[PDB]
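Participant: Structure in structure tokens, see below.
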Amino acid sequence: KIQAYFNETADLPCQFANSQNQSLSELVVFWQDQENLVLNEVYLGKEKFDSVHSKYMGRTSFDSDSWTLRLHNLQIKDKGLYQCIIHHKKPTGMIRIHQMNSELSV
Amino acid sequence: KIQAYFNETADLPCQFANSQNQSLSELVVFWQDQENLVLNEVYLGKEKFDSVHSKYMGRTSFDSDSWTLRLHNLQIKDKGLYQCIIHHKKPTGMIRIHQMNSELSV
Amino acid sequence: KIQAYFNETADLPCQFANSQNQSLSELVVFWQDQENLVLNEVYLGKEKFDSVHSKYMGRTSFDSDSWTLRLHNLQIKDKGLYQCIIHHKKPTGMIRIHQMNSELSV
Amino acid sequence: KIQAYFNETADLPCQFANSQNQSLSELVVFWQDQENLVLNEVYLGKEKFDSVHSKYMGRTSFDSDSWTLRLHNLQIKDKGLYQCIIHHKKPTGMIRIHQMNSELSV
Amino acid sequence: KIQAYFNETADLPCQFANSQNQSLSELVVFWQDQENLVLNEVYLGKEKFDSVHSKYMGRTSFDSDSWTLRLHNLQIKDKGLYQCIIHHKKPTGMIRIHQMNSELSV
Amino acid sequence: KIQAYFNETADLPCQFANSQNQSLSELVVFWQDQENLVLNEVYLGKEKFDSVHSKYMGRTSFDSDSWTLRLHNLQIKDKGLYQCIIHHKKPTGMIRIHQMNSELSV
Amino acid sequence: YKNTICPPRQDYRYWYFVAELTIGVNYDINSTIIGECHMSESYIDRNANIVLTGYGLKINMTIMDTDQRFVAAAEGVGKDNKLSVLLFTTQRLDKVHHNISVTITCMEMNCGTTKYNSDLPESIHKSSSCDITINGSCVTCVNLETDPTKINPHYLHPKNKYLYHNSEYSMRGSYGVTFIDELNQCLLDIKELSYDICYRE
Amino acid sequence: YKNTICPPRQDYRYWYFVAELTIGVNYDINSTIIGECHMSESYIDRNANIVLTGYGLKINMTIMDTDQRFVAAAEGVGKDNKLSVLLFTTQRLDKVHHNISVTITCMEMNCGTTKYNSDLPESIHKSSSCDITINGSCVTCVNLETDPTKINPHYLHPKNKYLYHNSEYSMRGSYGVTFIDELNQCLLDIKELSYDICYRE
Amino acid sequence: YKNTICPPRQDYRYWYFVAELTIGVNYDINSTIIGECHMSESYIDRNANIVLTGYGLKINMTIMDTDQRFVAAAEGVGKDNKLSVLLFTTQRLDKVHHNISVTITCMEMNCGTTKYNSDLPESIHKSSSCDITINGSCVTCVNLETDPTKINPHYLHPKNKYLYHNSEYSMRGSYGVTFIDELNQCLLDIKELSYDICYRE
Amino acid sequence: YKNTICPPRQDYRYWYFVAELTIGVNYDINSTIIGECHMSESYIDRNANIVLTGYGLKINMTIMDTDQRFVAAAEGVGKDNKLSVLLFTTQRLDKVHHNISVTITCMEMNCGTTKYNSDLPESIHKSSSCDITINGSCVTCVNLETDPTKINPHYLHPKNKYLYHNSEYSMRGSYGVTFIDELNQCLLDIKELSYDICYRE
Amino acid sequence: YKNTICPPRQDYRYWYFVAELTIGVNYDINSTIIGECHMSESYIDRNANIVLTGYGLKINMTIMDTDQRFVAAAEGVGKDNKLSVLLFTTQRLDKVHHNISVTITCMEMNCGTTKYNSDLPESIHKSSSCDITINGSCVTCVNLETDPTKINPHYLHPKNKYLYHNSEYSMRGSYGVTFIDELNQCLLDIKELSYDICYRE
Amino acid sequence: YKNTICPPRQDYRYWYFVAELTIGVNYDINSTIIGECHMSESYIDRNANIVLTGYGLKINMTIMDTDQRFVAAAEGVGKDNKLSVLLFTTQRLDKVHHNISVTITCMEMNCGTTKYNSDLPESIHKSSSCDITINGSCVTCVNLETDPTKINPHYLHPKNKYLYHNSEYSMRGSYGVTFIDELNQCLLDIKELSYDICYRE
């Protein structure tokens with residue numbers, strides 16, 4: 001697993017290899033907690049905030065070039081493991097293609 | 001049904017058509033009440049009084065020409081329907097050939 | 001049945017017709033009460049007293065010519081019917097050939 | 001559904017298209033309430049009042065040209081939906097051919 | 001059965017006929033009580049005292065010529081019947097050949 | 001069984017005949033108590049002390065030439081029978097080849 | 001369109017009281033036995049037939065030219081060795097009198113060959129006839145009231161079934177025969193009477 | 001018209017007391033056993049036949065030229081090793097005496113070949129005869145009262161059945177044989193007696 | 001890809017309320033009998049068929065050109081001899097009105113040949129038709145509401161099953177016929193009503 | 001006339017105490033087991049035969065030239081591994097001594113071929129003989145008292161059956177064999193003894 | 001020497017938690033029914049196969065090139081119409097990822113032909129694939145976790161059996177597909193969940 | 001005369017404690033299950049054979065050139081996954097050591113081909129040998145004590161049977177094999193142990 005450091009800024013990377021070399025334009029990219037509350041939601045390149053829980057509301061930023069979510073304002077409570085899930089949205093059906101679990105200790 | 005009038009003399013007719021045109025010499029001719037007590041009994045032309053109930057004992061007369069029983073001394077109690085039964089006595093077995101039900105209101 | 005008269009002497013006859021015309025020398029001839037107590041017992045012409053009840057002990061006499069038991073000293077008690085039984089003693093087996101029931105009123 | 005206006009006069013139309021183009025002379029035309037009490041009854045062109053409930057007794061008028069029942073003297077109670085039923089009376093059997101449900105708010 | 005006399009000396013004989021005419025050298029000869037306690041025991045001509053009950057211990061004598069056990073010092077208690085048992089000892093198996101029951105009243 | 005003498009030094013021999021004439025270099029040679037606590041353990045010629053119980057810890061010596069365990073400092077408690085077990089260690093599986101039970105009374 | 005008979009079934013519930021058969025016997029029957037009567041029905045060529053085995057009697061009664069089939073029967077024993085039989089068909093689809101044939105044959109006690117055979121005329125309206133024949137000397141009296149206007153009050157109907165009976169005097173029929181020198185007396189006492197529904201059909 | 005026999009059935013209810021068979025035996029029977037007696041009936045060519053297996057005895061009794069068939073039997077054990085058999089047919093349709101044949105064969109204890117064979121004459125009116133034959137030495141006495149005027153008071157009839165017996169002395173019959181040197185004594189004590197109805201038929 | 005029917009099974013749990021059949025009869029049915037109704041289903045060549053035997057009636061109703069099969073039925077008896085039938089299929093995969101054929105044939109009481117045969121037009125939207133035919137004179141009224149928007153409150157569904165019904169007025173259908181000179185009155189009282197689920201299928 | 005055997009039957013009630021077989025064994029039998037013994041009877045060509053399976057032993061005992069057949073047996077276990085067998089036939093029709101053959105074969109524990117075979121002479125009156133043969137080394141002692149004058153007091157007879165035994169010393173028979181160097185001791189303790197009636201026949 | 005599969009047996013007790021199949025449906029399943037699920041196992045040519053009939057679904061899942069056979073399954077119904085299936089094989093004899101094929105075919109409610117067919121890639125380590133095909137439109141979501149590291153706490157194991165599960169993250173596998181425009185949500189609530197062990201095998 | 005084997009029977013009561021087989025396994029068996037063990041016996045050509053199915057193991061043990069046949073077995077589970085088997089034959093008719101062959105094949109958990117095959121020498125007196133072969137990797141230890149002088153105190157014998165065991169050290173035999181790098185430890189804890197008698201034979 002991958003961990004992050006103390007109370008400045010946490011970096012959670014998906015580390016998607018992208019072996020099929022497909023673009024981010026058709027890719028559902030999102031993060032979630034060990035208690036399964038959504039952190040961010042990238043639907044087709046636009047961040048969606050409707051499913052984001054109020055605890056992480058307006059706290060997370062996303063970097064598309066490094067495929068990394070930056071969590072700001074670390075607390076004592078958020079020591080759980082965070083997993084990022086990458087679906088590939090297809091009109092016939094949305095298929096999960098990648099998932100990874102990282103840790104976070106502050 | 002056939003009814004009769006007030007407290008003078010009641011006439012109950014059998015109204016046997018006698019289509020076989022047989023004589024009264026071999027014919028069991030008798031009358032009875034709604035509670036089934038025998039009024040008269042003509043066995044072979046001779047009146048038999050052994051089965052006559054004590055309530056109608058020596059009160060009824062019989063007319064062979066009109067085939068009619070005359071009940072005398074009408075009471076308040078005897079308002080029931082009276083039925084006359086005509087059997088044809090045969091040595092092999094006695095067969096009922098006619099029955100009729102008349103009424104009586106006084 | 002056959003009855004007898006008052007308190008002098010009762011005569012109970014067997015009235016055996018003896019159609020086979022056999023002699024009394026081989027014939028078991030005896031009498032008994034309604035309560036089945038033996039009165040007399042003629043085995044082969046000799047009276048046997050061992051099975052005679054004590055009530056009729058030494059009270060009955062027997063006449064072979066008329067085949068009749070004479071009961072003496074009539075009492076009030078002995079008003080029952082008396083039956084006489086005649087067996088034909090054969091060495092293969094003793095066969096009852098005649099029985100008769102008489103009455104006795106005193 | 002079709003509704004009507006306030007406390008002056010309600011108009012409930014059947015709106016029968018009459019695609020078979022048959023006359024009103026053989027047609028059972030009637031109206032009823034949500035609690036299923038008969039308002040009017042046109043049997044063969046003559047209004048029948050025997051099945052009309054006492055609540056609508058002598059209150060409803062009928063127009064054959066517009067096929068419309070006019071309900072007068074609107075109350076607070078009669079806010080329910082009213083349905084009109086058109087049977088086609090045939091001697092072999094009476095067949096319902098049309099029904100419609102209208103509303104009424106006052 | 002065979003009995004014996006009063007309080008001097010009892011003689012219990014086996015009365016073995018010895019029809020096979022075999023000698024006493026191979027013969028188990030012994031006596032016992034109604035309660036089945038051993039009196040004497042002659043195994044191959046030598047008296048054995050190990051199975052002799054203490055009540056008859058040193059009280060019985062044996063005579064080989066007459067085949068008779070002499071019981072001395074008669075008591076009131078020993079009025080039971082005494083039986084003598086003669087086995088024929090064979091190395092394959094010991095076979096009882098004779099038994100007899102005598103009585104004893106004193 | 002084989003016993004030993006009083007409170008000086010006990011000698012427990014295995015008395016392995018060694019009919020296969022194999023060397024001690026591949027042989028698991030050990031001793032144990034009636035309550036099955038290990039006394040010594042010779043694995044491939046080197047004594048192993050990890051499974052030796054603390055009661056016999058540093059108390060037993062071993063002689064390879066006579067194949068005999070010398071138990072020093074005899075107590076009152078160690079009067080039980082001692083058994084020596086000789087396994088033949090093979091890489092496919094360790095096979096017990098000899099066992100013997102000796103006694104010890106002090 | 002014509003009104004026809006209903007198809008057969010195992011358990012019929014709509015019963016019509018068709019007949020009151022009232023055989024008197026000269027041998028002792030003391031009481032109504034539960035599960036004694038056994039009936040067999042048939043409907044062949046517009047003729048209804050019921051055969052009743054019970055209380056020492058077998059009753060073979062057939063009705064000619066009917067749209068009815070016998071579906072039920074209840075037998076009961078009155079005082080003075082009288083046997084009352086209540087018979088039930090499906091429904092009355094015609095208002096005409098039907099010809100009746102009864103065979104009363106004696107199973108136990110007094111048994112024999114054809115003691116009696118006659119055609120009993122219908123007492124009221126004289127439209128029909130009852131061909132009766134009695135096989136044995138065990139019968140004192142026979143009374144048969146076809147389509148009676150009154151049920152016996154001592155007969156209790158089953159709860160799951162429905163009972164209909166005649167209400168018109170014009171449909172009534174009376175047939176009667178006595179072999180004992182006593183006028184009438186075929187009628188039941190109706191004082192202490194109990195009925196049992198017969199087993200089959 | 002002729003009065004005939006009734007047809008056979010599984011369970012007969014109108015019984016007529018025809019005979020009182022009173023075999024005495026010399027072996028010990030101590031009490032009446034429930035469910036011990038087994039009877040088999042036959043009615044072939046106007047001859048009634050009953051075979052009774054029980055209490056160490058088999059009784060094959062046939063009556064010639066009768067309109068009766070054996071329908072029931074009750075066996076009971078009295079004191080002094082006496083065996084009383086009560087027999088019941090359908091009904092008495094003739095007032096004539098019938099010839100009787102009894103075969104008493106011994107099943108257990110004293111068994112053998114034909115110990116006895118004779119024709120016992122009827123004691124009263126001398127009209128009939130009883131061909132008796134005894135297969136074994138187990139019989140001391142035989143008493144047979146055909147159509148008795150009195151039932152044993154110790155015999156209880158079943159509630160659902162009906163019992164009739166003779167009332168005339170002219171129809172009584174007595175047959176008896178003794179093989180032991182004691183006059184009579186075939187009769188039961190009738191002090192402590194119990195009867196069992198036999199199993200089959 | 002096309003949405004098709006589900007395969008048959010012994011016990012179906014997802015029921016769709018398809019029809020409310022409301023036969024009135026002129027013979028007496030007093031109450032709802034538990035275990036009375038018996039239904040038989042068939043789905044052959046896109047035609048659903050249910051045959052209902054019960055309360056003196058047999059109902060052979062088939063629906064043409066459907067992707068539904070009849071899986072359940074509940075029959076109940078209201079006051080004034082009214083018979084309400086609730087019918088349930090699998091699921092509604094089409095929003096088109098289907099043609100209906102009902103055969104109401106009378107098993108008991110008034111029985112006969114084809115009393116009635118007609119095509120009842122659909123009352124609302126006039127898209128379909130009901131070929132009704134009535135075999136017997138035992139029917140006063142027929143009411144059939146295809147895809148009703150309301151269940152009867154007196155019908156209790158089983159706990160392990162699931163019920164769905166129509167919610168749109170555009171899918172409702174009404175067919176009705178009366179043979180008695182009374183307007184409507186086919187409707188149930190809905191005061192004291194009890195339903196029984198039919199036995200088979 | 002000749003006195004013969006009785007015919008076979010399923011359940012015999014008149015038993016005659018014929019023999020007391022008293023096998024001692026050297027293996028441990030601790031108590032009498034209910035339902036352990038199984039007997040099989042045969043009577044072929046005037047030879048009675050009983051085969052007893054139980055308590056580790058099979059006993060095939062036949063009696064030659066007899067009018068008796070074995071009908072019952074009761075086995076019991078005494079102290080010191082002694083096995084007492086009580087045997088019962090029908091009846092004693094002859095007062096002559098019969099020749100006896102016993103085969104004692106060992107089912108479990110010590111099993112083998114013919115360990116012993118001899119003719120044991122009858123101890124009292126020397127009229128008969130017992131051909132004994134023992135198949136196995138499991139037998140210490142054999143005692144057989146043919147027609148004993150005394151029953152064991154520990155044997156309880158069934159209530160429905162009857163028991164007879166010999167009363168004359170002239171009909172007694174004793175056969176005995178020991179294979180252990182101890183005089184007699186074949187006899188039971190008769191202190192705490194219980195008998196079980198064997199299962200079949 | 002090679003480590004092979006174990007032979008088949010009727011009742012297996014050593015279970016290995018292989019998979020967590022989490023079908024979401026769009027029709028109403030309200031609760032877990034005892035005795036609802038029925039499973040059929042097969043192991044032919046190194047391919048394990050389990051067919052699960054229950055809750056309106058049939059699941060035909062086969063694993064290719066394995067030394068495991070499906071021995072158990074437990075189905076449970078969560079909130080929002082989610083169906084969790086727990087699957088158990090014998091033992092894990094290889095540490096390699098296996099290719100998976102799931103056929104989810106809809107038995108009732110929404111039924112049809114092949115709505116979906118795809119190869120779902122394994123989410124973590126991308127070594128295997130899941131050939132999924134869905135026969136019907138009754139499936140909202142599919143989640144399959146092959147060799148999970150955690151059992152559901154709401155699943156109670158039988159007392160006589162033994163349970164083993166994966167403990168390494170490297171052996172975990174995740175396959176998922178959604179057909180409804182909602183991210184994830186295939187997961188169970190795990191608040192009020194009950195599991196039933198399927199019937200056969 | 002020669003001392004031979006006893007004939008076979010369904011239920012043997014004289015048992016001889018022949019062997020103490022003490023397989024240790026590496027998979028979890030937690031307790032002794034009532035009715036788990038199933039044994040099959042054979043005695044063909046002077047070779048005794050017992051096959052034991054239970055606790056995930058099948059044990060095929062045969063003894064060559066014996067006059068004994070396996071009649072009973074009791075299996076029990078000790079701590080640390082140890083399986084103790086107690087075996088019982090008829091009787092010891094020879095005082096010679098017999099050659100032993102054990103096949104321990106693994107039914108569940110770790111299954112495979114022939115992991116082990118060797119001839120274990122007898123530890124004391126070295127007269128015999130044990131051809132052991134182990135089909136699977138599920139066995140840690142095997143201990144076999146042939147004719148032990150002591151029964152396990154935790155084994156309760158049935159009340160109706162009798163138990164005998166060896167009392168001489170010269171008839172003792174020890175065979176042992178370990179596959180785990182721990183001296184001995186095959187022995188049971190004998191602290192909390194329960195035995196179950198196997199089902200068949």
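In the structure tokens, the first chain shown is A, the next is B, and so on; residue numbers restart at 1 for each chain, and ligands run from 1 in the order shown.
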I'd like the contact shell of residue 98 of chain A - 10 Å cut-off, only C-alpha atoms, skipping same-chain residues fewer than 5 positions apart - returned as a ChimeraX atom specification.

Facilitator: /A:14-18,29,84-88 /K:121-126,174-176

Participant: Excluding same-chain residues fewer than 4 positions from residue 72 of chain K, what lies within 12 Å of it counting only C-alpha atoms, as a CSV table (one decimal) with N, CA and C atoms, in the first residue's frame?

Facilitator:
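Below is the file result.csv, written as the result:
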chain,number,residue,atom,x,y,z
K,10,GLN,N,-20.6,-36.4,-0.3
K,10,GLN,CA,-21.9,-35.8,-0.1
K,10,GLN,C,-21.9,-34.6,0.7
K,11,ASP,N,-21.2,-34.6,1.8
K,11,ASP,CA,-21.2,-33.5,2.8
K,11,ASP,C,-19.7,-33.1,3.0
K,12,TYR,N,-19.4,-31.9,2.5
K,12,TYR,CA,-18.0,-31.3,2.7
K,12,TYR,C,-18.0,-30.4,3.9
K,13,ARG,N,-16.9,-30.5,4.7
K,13,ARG,CA,-16.8,-29.7,5.9
K,13,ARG,C,-15.7,-28.7,5.9
K,14,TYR,N,-14.7,-28.8,5.0
K,14,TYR,CA,-13.6,-27.8,5.0
K,14,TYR,C,-13.9,-26.9,3.8
K,15,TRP,N,-14.4,-25.7,4.1
K,15,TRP,CA,-14.8,-24.7,3.1
K,15,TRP,C,-13.8,-23.6,3.0
K,16,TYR,N,-13.6,-23.1,1.8
K,16,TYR,CA,-12.7,-22.0,1.5
K,16,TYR,C,-13.5,-20.9,0.8
K,17,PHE,N,-13.5,-19.7,1.4
K,17,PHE,CA,-14.3,-18.6,0.9
K,17,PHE,C,-13.7,-18.1,-0.4
K,18,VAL,N,-14.3,-18.3,-1.5
K,18,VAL,CA,-13.6,-18.1,-2.8
K,18,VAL,C,-14.1,-16.8,-3.4
K,19,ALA,N,-15.4,-16.4,-3.2
K,19,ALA,CA,-16.0,-15.4,-4.0
K,19,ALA,C,-17.1,-14.7,-3.2
K,37,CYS,N,-32.5,-20.9,-1.8
K,37,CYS,CA,-31.4,-21.1,-2.8
K,37,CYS,C,-31.2,-22.6,-3.0
K,38,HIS,N,-30.9,-22.9,-4.3
K,38,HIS,CA,-30.6,-24.3,-4.7
K,38,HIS,C,-29.4,-24.2,-5.6
K,39,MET,N,-28.4,-25.0,-5.2
K,39,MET,CA,-27.1,-24.9,-6.0
K,39,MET,C,-26.8,-26.3,-6.5
K,40,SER,N,-26.2,-26.3,-7.7
K,40,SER,CA,-25.7,-27.5,-8.4
K,40,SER,C,-24.3,-27.3,-8.7
K,41,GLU,N,-23.4,-28.3,-8.3
K,41,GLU,CA,-22.0,-28.2,-8.6
K,41,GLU,C,-21.6,-29.2,-9.7
K,42,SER,N,-20.5,-28.9,-10.3
K,42,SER,CA,-19.8,-29.8,-11.3
K,42,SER,C,-18.4,-29.5,-11.3
K,49,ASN,N,-17.9,-25.5,-11.6
K,49,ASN,CA,-19.1,-24.8,-12.0
K,49,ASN,C,-20.1,-24.9,-10.9
K,50,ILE,N,-20.8,-23.8,-10.7
K,50,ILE,CA,-21.9,-23.7,-9.7
K,50,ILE,C,-23.1,-23.0,-10.4
K,51,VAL,N,-24.3,-23.6,-10.3
K,51,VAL,CA,-25.5,-23.0,-10.8
K,51,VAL,C,-26.4,-22.8,-9.6
K,52,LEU,N,-26.8,-21.5,-9.4
K,52,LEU,CA,-27.5,-21.1,-8.2
K,52,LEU,C,-28.9,-20.6,-8.7
K,68,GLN,N,-10.0,-26.7,-7.7
K,68,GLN,CA,-11.0,-26.5,-6.7
K,68,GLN,C,-12.4,-26.8,-7.3
K,85,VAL,N,-24.1,-13.2,-2.6
K,85,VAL,CA,-23.8,-14.7,-2.7
K,85,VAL,C,-22.4,-14.9,-2.2
K,86,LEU,N,-22.3,-15.8,-1.3
K,86,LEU,CA,-21.0,-16.3,-0.7
K,86,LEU,C,-20.7,-17.7,-1.2
K,87,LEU,N,-19.5,-17.9,-1.8
K,87,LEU,CA,-19.2,-19.2,-2.4
K,87,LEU,C,-18.0,-19.8,-1.7
K,88,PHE,N,-18.1,-21.1,-1.6
K,88,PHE,CA,-17.0,-21.9,-0.9
K,88,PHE,C,-16.6,-23.1,-1.7
K,89,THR,N,-15.3,-23.2,-2.0
K,89,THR,CA,-14.7,-24.4,-2.5
K,89,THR,C,-14.0,-25.2,-1.5
K,90,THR,N,-13.2,-26.2,-2.0
K,90,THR,CA,-12.5,-27.1,-1.0
K,90,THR,C,-11.3,-26.4,-0.4
K,157,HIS,N,-21.3,-19.5,10.3
K,157,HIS,CA,-20.9,-20.7,9.8
K,157,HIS,C,-21.5,-21.9,10.6
K,158,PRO,N,-21.8,-23.0,10.0
K,158,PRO,CA,-22.3,-24.2,10.7
K,158,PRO,C,-21.2,-24.7,11.7
K,161,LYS,N,-18.7,-27.6,10.6
K,161,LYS,CA,-17.8,-27.3,9.5
K,161,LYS,C,-16.7,-26.3,9.9
K,162,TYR,N,-15.7,-26.2,9.0
K,162,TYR,CA,-14.6,-25.4,9.2
K,162,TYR,C,-14.4,-24.4,8.0
K,163,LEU,N,-14.0,-23.2,8.3
K,163,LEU,CA,-14.0,-22.1,7.3
K,163,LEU,C,-12.6,-21.6,7.2
K,196,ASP,N,-28.6,-17.6,4.0
K,196,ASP,CA,-29.1,-18.9,4.0
K,196,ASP,C,-28.2,-19.8,3.2
K,197,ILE,N,-27.8,-21.0,3.7
K,197,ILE,CA,-27.0,-21.9,3.0
K,197,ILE,C,-27.9,-22.6,2.0
K,198,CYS,N,-27.4,-22.7,0.7
K,198,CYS,CA,-28.2,-23.3,-0.3
K,198,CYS,C,-28.4,-24.8,-0.1
K,199,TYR,N,-29.3,-25.4,-0.8
K,199,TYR,CA,-29.9,-26.7,-0.4
K,199,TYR,C,-29.0,-27.9,-0.8
K,200,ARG,N,-28.8,-28.1,-2.1
K,200,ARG,CA,-28.1,-29.3,-2.6
K,200,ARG,C,-26.6,-29.2,-2.5
K,201,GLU,N,-25.9,-30.3,-2.7
K,201,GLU,CA,-24.5,-30.5,-2.7
K,201,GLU,C,-23.8,-30.0,-1.4

Participant: Determine, counting only C-alpha atoms, which protein, DNA and RNA residues have an atom within 7 Å of an atom of residue 135 of chain I; residues of the same chain fewer than 6 positions away are not included. Present the result as a VMD selection string.

Facilitator: chain I and resid 104 to 106 112 to 116

Participant: Mind dumping the selected residues with N, CA and C atoms as an mmCIF file, in the first residue's frame?

Facilitator:
data_model
loop_
_atom_site.group_PDB
_atom_site.id
_atom_site.type_symbol
_atom_site.label_atom_id
_atom_site.label_comp_id
_atom_site.auth_asym_id
_atom_site.auth_seq_id
_atom_site.Cartn_x
_atom_site.Cartn_y
_atom_site.Cartn_z
ATOM 1 N N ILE I 104 -68.157 -18.880 -19.912
ATOM 2 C CA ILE I 104 -68.718 -19.139 -18.593
ATOM 3 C C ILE I 104 -69.724 -20.264 -18.753
ATOM 4 N N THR I 105 -69.360 -21.451 -18.288
ATOM 5 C CA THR I 105 -70.197 -22.630 -18.412
ATOM 6 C C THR I 105 -70.623 -23.125 -17.039
ATOM 7 N N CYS I 106 -71.891 -23.510 -16.929
ATOM 8 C CA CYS I 106 -72.507 -23.740 -15.630
ATOM 9 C C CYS I 106 -72.394 -25.217 -15.267
ATOM 10 N N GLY I 112 -76.993 -26.009 -19.268
ATOM 11 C CA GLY I 112 -77.533 -26.108 -20.605
ATOM 12 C C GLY I 112 -76.505 -25.922 -21.696
ATOM 13 N N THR I 113 -77.018 -25.657 -22.898
ATOM 14 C CA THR I 113 -76.212 -25.373 -24.078
ATOM 15 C C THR I 113 -75.956 -23.874 -24.159
ATOM 16 N N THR I 114 -75.508 -23.380 -25.315
ATOM 17 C CA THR I 114 -74.986 -22.018 -25.433
ATOM 18 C C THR I 114 -76.166 -21.067 -25.332
ATOM 19 N N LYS I 115 -76.359 -20.557 -24.119
ATOM 20 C CA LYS I 115 -77.375 -19.543 -23.888
ATOM 21 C C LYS I 115 -76.989 -18.233 -24.545
ATOM 22 N N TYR I 116 -75.722 -17.845 -24.439
ATOM 23 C CA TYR I 116 -75.322 -16.531 -24.917
ATOM 24 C C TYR I 116 -73.993 -16.626 -25.642
#

Participant: What does the structure give for the distance between atom CA of residue 52 of chain F and atom CA of residue 148 of chain L, in Å to one decimal?

Facilitator: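 Value for the atom CA of residue 52 of chain F-atom CA of residue 148 of chain L distance: 27.2 Å.
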
Participant: One decimal, Å: what's the distance from atom CA of residue 65 of chain C over to atom CA of residue 22 of chain C, could you say?

Facilitator: 13.8 Å

Participant: A:75, A:27, A:82, A:61: which is nearest chain K, counting only C-alpha atoms?

Facilitator: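 Answer, going by the shortest atom-to-atom distance: A:27.
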
Participant: Would you mind listing what lies within 12 Å of residue 180 of chain L as a PyMOL selection string, with only C-alpha atoms counted and same-chain residues fewer than 6 positions away left out?

Facilitator: (chain F and resi 89-95) or (chain L and resi 24-26+137-142+186)

Participant: Would you mind reading off the distance between atom CA of residue 77 of chain C and atom CA of residue 187 of chain H, one decimal, in Å?

Facilitator: 23.3 Å

Participant: What's the 12 Å shell around residue 60 of chain A, counting only C-alpha atoms, without same-chain residues fewer than 5 positions away, as a ChimeraX atom specification?

Facilitator: /A:9-12,30-32,38-41,47-49,52-55,68-74

Participant: Sorted by chain and rising residue number, which residues of chain K lie within 7 Å of chain L, and what are their closest atom pairs and distances in Å to one decimal, counting only C-alpha atoms, as CSV?

Facilitator:
residue,atom,partner,partner_atom,distance
K:1,CA,L:115,CA,6.0
K:2,CA,L:112,CA,6.2
K:3,CA,L:112,CA,4.6
K:4,CA,L:112,CA,4.6
K:5,CA,L:111,CA,6.0
K:6,CA,L:111,CA,5.2
K:7,CA,L:107,CA,6.6
K:14,CA,L:109,CA,6.7
K:91,CA,L:109,CA,6.6

Participant: Could you write out, as a list in words, all the residues of segment 35-92 of chain E that DSSP marks as strand (DSSP E or B)?

Facilitator: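 For segment 35-92 of chain E, the strand (DSSP E or B) set is residues 38, 39, 40, 41, 42, 47, 52, 60, 61, 62, 63, 68, 69, 70, 71, 72, 82, 83, 84, 85, 86, 87 and 88 of chain E.
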
Participant: With a distance cut-off of 12 Å and only C-alpha atoms, select the neighbouring residues of residue 149 of chain K, excluding the residue or stretch itself and same-chain residues fewer than 3 positions from it, and output the selection as number ranges by chain.

Facilitator: K: 16-20, 145-146, 152, 164-174

Participant: Would you give me, as a list in words, the residues in chain F that DSSP reads as helix (DSSP H, G or I)?

Facilitator: residues 24, 25, 26, 54, 55 and 56 of chain F
